[PDB]
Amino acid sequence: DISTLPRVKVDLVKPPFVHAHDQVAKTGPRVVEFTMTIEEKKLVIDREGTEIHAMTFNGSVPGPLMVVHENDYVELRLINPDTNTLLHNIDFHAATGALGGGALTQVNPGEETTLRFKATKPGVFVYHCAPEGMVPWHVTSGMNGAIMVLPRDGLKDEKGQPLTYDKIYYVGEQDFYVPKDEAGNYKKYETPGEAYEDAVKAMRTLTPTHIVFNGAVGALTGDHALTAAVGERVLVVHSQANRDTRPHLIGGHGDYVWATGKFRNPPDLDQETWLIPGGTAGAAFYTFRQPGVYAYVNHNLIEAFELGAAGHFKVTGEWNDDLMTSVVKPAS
């Protein structure tokens, strides 16, 4: 009887940050209430000023990370305001039935809907838009995110002992297929609808024009670099709704990795690079041991350094010469 369960309302935050939550559940099962508003907006995705018509959940690419516990109910109010132009919906890979909820959430502009589902399996999972006949166009326009379903007793290592993270970040990786004219210049449209047949032809090449973290080339750099301190335990959730990716922390490792994101499985240890298949979310746990700048990339290095799939951590603290040292600095 759901009506006897506590209801909690959560306000979502913008990626790469994650809304406040408890790792080990401090209550019994709850109905966890989220609201998301769909926003179609123009987005500048690179340093050259290339613009697309992005389709978003809550104004960001990716959509925000939702965090619940195993056997909570998720109740999502989904709003499509009348300033949008397209029909949208939502499919949760965490959920069971009705095309992940996609069959029950089709909202024209000016409509809203409320879906509830039980979070029966622990893990990180992708959610994304999936309207009949226009699935890849919506997804590769940025209409995807993830949800983390924590076990009620939090995360465990390969021997079943607790793993507690100090910080958590969400990296959404987006493949874009910007249409190009004959000479290779990117095209521009006034509405999303205008772009449709060009977008399909661009997708059909299977060759993205941009691959980015958090919606743009250089989004996780400079003043927007991820931060940590030496000795901190950091969980990085990474999703790709459409295309394989192979994350790698330059200068570090994935101490404990759930590459396909499902926490009833033991983690893989000591990973250099791991594969997150398209349509999956994964999670990697690392404890920082050295200060400095680290780069977090897709380790297809062309995708990283030419197409944009690279961000930075800035880590503060004490240098440990036992782990690495320059014996003779570069010299003639």
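The term rigid core refers to the most C-alpha atoms you can superpose between the two forms while keeping them within 1.5 Å. Residues carry their position along the shown sequence, with the first being 1.
Larger average C-alpha displacement in 7 other deposited structures of this protein, relative to the shown form after a rigid core fit, is seen for 103-111 when comparing 103-111 with 67-75. Farther on average from this form in 7 other deposited structures of this protein lies stretch 94-102, the comparison being between 94-102 and 147-155 by RMS Cα distance after core superposition. Relative to one another, 186-194 and 94-102 have unequal mean CA B-factors, and 186-194 is the one with the higher figure. Between 62-70 and 33-41, it is 33-41 that carries the larger average Cα temperature factor according to the deposited entry. The entry lists C-alpha B-factors for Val257, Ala199, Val236, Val124, and the highest of these is at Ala199.
Per the deposited coordinates, the residue with the largest Cα temperature factor out of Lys118, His224, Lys262, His128 is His224. Split the chain's modelled residues into thirds by C-alpha temperature factor. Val230 is in the middle one. The entry lists a Cα temperature factor for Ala283 that places it in the lowest third of the chain's modelled residues. Among the modelled residues of the chain, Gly145 sits in the lowest third by CA temperature factor in this PDB entry. In this PDB entry, the Cα temperature factor of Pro291 sits in the middle third of its chain's modelled residues. Annotation for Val178: C-alpha temperature factor in the middle third relative to the rest of the modelled chain, per the entry.
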